[PDB]
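A.B. asks: I'd like to ask you about the structure that follows.
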Amino acid sequence: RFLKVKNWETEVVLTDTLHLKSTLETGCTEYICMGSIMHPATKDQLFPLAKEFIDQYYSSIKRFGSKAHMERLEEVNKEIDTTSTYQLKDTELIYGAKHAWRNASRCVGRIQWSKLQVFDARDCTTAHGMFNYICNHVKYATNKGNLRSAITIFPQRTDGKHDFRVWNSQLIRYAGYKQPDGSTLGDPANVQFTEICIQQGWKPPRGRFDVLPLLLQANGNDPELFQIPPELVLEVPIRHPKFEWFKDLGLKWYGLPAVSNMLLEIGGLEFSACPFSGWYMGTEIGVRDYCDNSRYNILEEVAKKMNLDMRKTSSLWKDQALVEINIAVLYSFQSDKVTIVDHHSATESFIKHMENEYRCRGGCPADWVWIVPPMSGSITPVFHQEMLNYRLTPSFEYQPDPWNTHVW
Amino acid sequence: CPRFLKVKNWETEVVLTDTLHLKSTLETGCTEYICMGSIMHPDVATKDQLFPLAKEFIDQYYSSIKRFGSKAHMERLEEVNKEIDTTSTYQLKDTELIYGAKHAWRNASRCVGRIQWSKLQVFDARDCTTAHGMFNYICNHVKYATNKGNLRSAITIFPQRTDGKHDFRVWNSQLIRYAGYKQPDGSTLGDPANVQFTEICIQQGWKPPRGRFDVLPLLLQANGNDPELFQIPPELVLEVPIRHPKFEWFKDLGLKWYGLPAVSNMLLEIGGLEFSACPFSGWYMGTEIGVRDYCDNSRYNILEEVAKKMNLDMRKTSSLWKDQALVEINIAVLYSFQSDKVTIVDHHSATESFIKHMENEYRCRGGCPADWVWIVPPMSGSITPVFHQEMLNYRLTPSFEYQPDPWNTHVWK
Ligand code: HEM
Ligand code: HEM
Ligand SMILES: CNCCN(C)c1cc(C#N)cc(CCc2cc(C)cc(N)n2)c1
Ligand SMILES: CNCCN(C)c1cc(C#N)cc(CCc2cc(C)cc(N)n2)c1
Ligand SMILES: C[C@H](O)[C@H](O)[C@H]1CNc2nc(N)[nH]c(=O)c2N1
Ligand SMILES: C[C@H](O)[C@H](O)[C@H]1CNc2nc(N)[nH]c(=O)c2N1
Ligand SMILES: [Cl-]
Ligand SMILES: [Cl-]
Ligand SMILES: [Zn+2]
């Protein structure tokens, strides 16, 4: 059927037909919605998926049913028959990577989807090779503060025993340390990964913001450690425009948000190492990274310095401290000319993106639970936007952490 | 369906196990191919439709009072069955009515206030026959629930649907709400959400004061007759003027709100029976007023005015001026209610209590349907514990449901 979504603030109604193209599962049923659950080959399986993808690629360049289209399908089936897999053309790799971003329901940044620099790293054979390609990625994307979106794609999965994996969850992240007194120094989210680096021989500085080394696995081999050259790691000291004491907190963060633990799926092929990066929305750092109880958890300290009454929850001291922190982050990146987008501007762009996608594509799959910012929700336009979530392919998918699978 | 579904809390690592979903009764709107979890809204019952719905409910009731399979259980089933056969409907016992109302609340997946579910005063108004009768019942409800600021949750239940042409309806969406007036110049005075209902009231003969916070009259429909207008005695309407603990100027904005949140346009379903007039009330979470009523662009929309008074830089979005003002408004709301001793709960307290409630429900009941999109507060989401709590949404009965606005369906006499 045609499905309608309404914006309750503008009364704008859009009509979705795109969802008819989905074949993957959402997780829900007629009886139970799992919308807030975070995580809900063979030659025979392979070809239909390959066909579907090649078909949609040749449709997007308006040469569906052409000789080139027919030739490519033939080429792909013969190759699947004779090698149990196939290789994407360069044009296909690029199309597929941009579309995995376009289809990413949880991403508020998609208005940028077609501007993505794609680095083909499918000729990589060793962890040193991967280090080289990742360094080049980081340098390109960083671009002295004028951040550019990019993805680097390493060889696809074959038998599952020769996987390329970036073990880091992000290319740039800070270590976290368990203390004797059972507290956590640095980023608690990365304590386990940090411990693995230590055991593999990384020498920790044991500070609050130690940039982790890259831990890189090529062709199913044991992973190897590499230090990203520091001149490639752009960082912003966080200060506040009015509270001169804020800088005294010693807070900083990295300019480049780069997800490196997801799996890119295109036409049945699985790219288990595909680090991708953009630029930050302020709340990612200022709300989640800094203020999650299980993260840097800085509300209490900031509220102290603001001299707030912290005895009752109904003083909203946490809410007040939260806003100031996010003001500082935006102000700091802006002052250092490092690309960043605030949650008002970002969500406004997403609504415009949604309207574009309905108009040119017949829909836009979107996960309200993830799209709405973790602060000030209903004063952003997305809060009031009904969204439909469905899974389109090519896609980015979660995959198991490699330490829970790898045999050394 | 899988017998056991697990939910995780991403902050605490606590994992809970749901089995209650196996009792799911109706549609969510989702499918395996599409999720409609952010969609706001995704001819009577026949004898043969009614029989199993009633039995399902009666069984659940007798199971709750630990008399399942009892002689009393079997006799109730038989009496209900005979009634449906000789009349095409049945009447609930007072005990069942009370149980059903409490459970509709217990099952309301969009409600963060459910820790309170078993403490609900139930007023049985099924003997009511006229709009004047409805007014009397509603006045008594408001007075009881208001309790001079020490609010008490309550519901008043009017006669169930029969043929569908004799519905009891409260045309108001809330028992207490402010009027909205559209001006020739396109501006709106009062609450823009209630312009349509206000116009209806005026057409029925209400004389509007045409102010910014005019309490609307009750427009009450009994037995499918044309609705009738009544003025709630003002002494029954408790209000709170909003002031701020720091900003002396805040009171000069002239804001106030009503103390009693009371929903009156929903339908209560128990055992296949339909109570189309069942106004219920509790007490406010501050953000309902401070974020939604006051700061929605399409409501009172006071952010700019407040920001200017705060002398914020309103030139870039990145200054977070809106976010800053929003917090101060919500501080004012909580402060003003607590100062006037009117029950109110802040969003931190409410969500923390909800998490404790949900965990208790998982352990004593096997689950707790919850709508994350609705449960998570409209400000500061991720610093409340519900943001990090995976939830499962499904429909249990008895339940509160949406129903069409009565002006779209009413057959004018
Ligand atoms: C260019 C600026 C971008 C912005 C401002 C942005 C913004 C965001 C935000 C705020 C989230 C939620 C993150 C979280 O809460 O964990 C997200 C998620 C996501 N983004 Fe984007 N993004 C950008 C670029 C990209 C690019 C270049 C890609 C891939 C090519 C991408 C793919 C994804 C995916 C797959 C998710 C879901 C991640 C998950 O499920 O954990 N984004 N983005
Ligand atoms: C006692 C204090 C209570 C609190 C703090 C509370 C809190 C809330 C809040 C914040 C919402 C979201 C409202 C909105 O955004 O429109 C809500 C929705 C709801 N509440 Fe509760 N509530 C309370 C009492 C009750 C009672 C007594 C009932 C029924 C007997 C009830 C049933 C519902 C239902 C059915 C919804 C969904 C409303 C809709 O779909 O529009 N609540 N509640
Ligand atoms: C899981 N969400 C909460 C923690 N946050 C905010 C978070 C954790 C990790 C990791 N690992 C990574 C991110 C980055 C998400 C992202 C990706 C891209 C391409 C751009 C962007 N602005 N954000 C965000
Ligand atoms: C529709 N959601 C946002 C508008 N809000 C906040 C809103 C609109 C109407 C109406 N009509 C009614 C409410 C009250 C909901 C409610 C009910 C009860 C029993 C308690 C409580 N705290 N809130 C809230
Ligand atoms: C339980 C819930 O699914 C979980 O906390 C989600 C909620 N929404 C989110 N939204 C974003 N953008 N990022 C997240 O990590 C989460 N976490
Ligand atoms: C489009 C979306 O479903 C809509 O804006 C919802 C979001 N969550 C909500 N949550 C609550 N408590 N109240 C609401 O009115 C809404 N509105
Ligand atoms: Cl952006
Ligand atoms: Cl409460
Ligand atoms: Zn769903």
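The numbers here are math on the coordinates, done by the rules we state, and not lab data. When we count neighbours, we look across all protein chains shown, and the Cβ atoms used for this are built from the backbone with ideal geometry, even at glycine.
A.B. asks: Based on alpha-carbon centroids, what's the gap between the range B:52-75 and the range A:320-358 in Å, whole number please?
C.D. replies: After rounding, the separation between the Cα centres reads 56 Å.
A.B. asks: Right, next: Which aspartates and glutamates, on any chain, are close to residue A:144 with Cα under 16 Å apart, when same-chain ones fewer than 8 places away are left out?
C.D. replies: Counting by Cα, and skipping residues close in sequence, residue A:144 has these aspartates and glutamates nearby: A:231, A:235, A:336.
A.B. asks: Here is a further query. Summing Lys, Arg as +1 and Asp, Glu as -1, what charge do residues with Cβ under 9 Å from the Cβ of residue B:244 carry, residue B:244 excluded?
C.D. replies: Within the 9 Å Cβ shell, the charges total +1.
A.B. asks: For the range B:176-215 and the range B:93-171, what is the separation of their Cα centres, given in Å?
C.D. replies: 27
A.B. asks: Simple spin-label model, 7 Å along Cα-to-Cβ: residue B:246 to residue A:245 in nm?
C.D. replies: 1.3
A.B. asks: Name the shape class, rounded, prolate or oblate, that the alpha-carbon gyration tensor gives for the protein assembly as shown, where a ≥ b ≥ c are the square roots of its eigenvalues, rounded holds for a/c under 1.5, and otherwise prolate holds if a/b is larger than b/c and oblate otherwise.
C.D. replies: Note, shape of the protein assembly as shown comes out prolate.
A.B. asks: So, one more: In terms of the Cα gyration tensor, with a ≥ b ≥ c the square roots of its eigenvalues, is the range B:222-375 rounded because a/c is under 1.5, prolate because a/b exceeds b/c, or oblate?
C.D. replies: Cα axes put the range B:222-375 in the oblate bin.
A.B. asks: Which of the residue pairs B:6/B:66; B:23/B:55; B:148/B:256; A:115/A:139; B:119/B:256; A:51/A:98 have a Cα-Cα distance greater than 25 Å in the structure shown? The partial results should precede the final answer.
C.D. replies: Working: B:6/B:66 28 Å; B:23/B:55 14 Å; B:148/B:256 17 Å; A:115/A:139 17 Å; B:119/B:256 28 Å; A:51/A:98 19 Å.
From the list (B:6/B:66; B:23/B:55; B:148/B:256; A:115/A:139; B:119/B:256; A:51/A:98), the Cα-Cα distance tops 25 Å for B:6/B:66; B:119/B:256.
A.B. asks: Something else: Looking at the range B:238-386 only, what percent of DSSP beta bridges run antiparallel? Nearest 5 please. Don't skip to the end; give the middle numbers.
C.D. replies: On the way: 8 of 10 bridges.
That works out to approximately 80 percent antiparallel.
A.B. asks: Among A:372, A:12, A:259, what is the fewest-to-most ranking by other Cβ atoms within 10 Å?
C.D. replies: Ranking A:372, A:12, A:259 by Cβ neighbours within 10 Å, fewest first, gives A:12, A:259, A:372.
A.B. asks: In the range A:210-306, which trypsin sites (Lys or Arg not before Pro) are in a loop and have at most 13 other Cβ atoms within 10 Å, using DSSP for the loop call?
C.D. replies: Values: sites: A:239, A:242, A:247, A:252, A:288, A:295, A:304, A:305; in loops: A:239, A:242, A:295.
Qualifying residues, ordered by number: A:242.
A.B. asks: For the range B:1-126, go through all pairs of different Cα atoms, get the mean of 1/r, take its inverse, and jot down that Kirkwood value in Å. Spell out each step's value before the answer.
C.D. replies: Values: mean 1/r = 0.0563 Å⁻¹.
Computed over the range B:1-126, the radius equals 17.8 Å.
A.B. asks: Ok, one more. Within straight cross-link reach of residue A:161, meaning Cα distance under 12 Å, which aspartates and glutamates are found once same-chain residues fewer than 8 apart are removed?
C.D. replies: Leaving aside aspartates and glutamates fewer than 8 places away in the same chain, those within reach of residue A:161 are A:222.
A.B. asks: In addition: Using helices alone, I'd like the mean residue ellipticity at 222 nm for the protein assembly as shown: each DSSP H run of four-plus residues gives -39500 (n - 2.57), total over residue count, nearest 500.
C.D. replies: -9500 deg cm²/dmol
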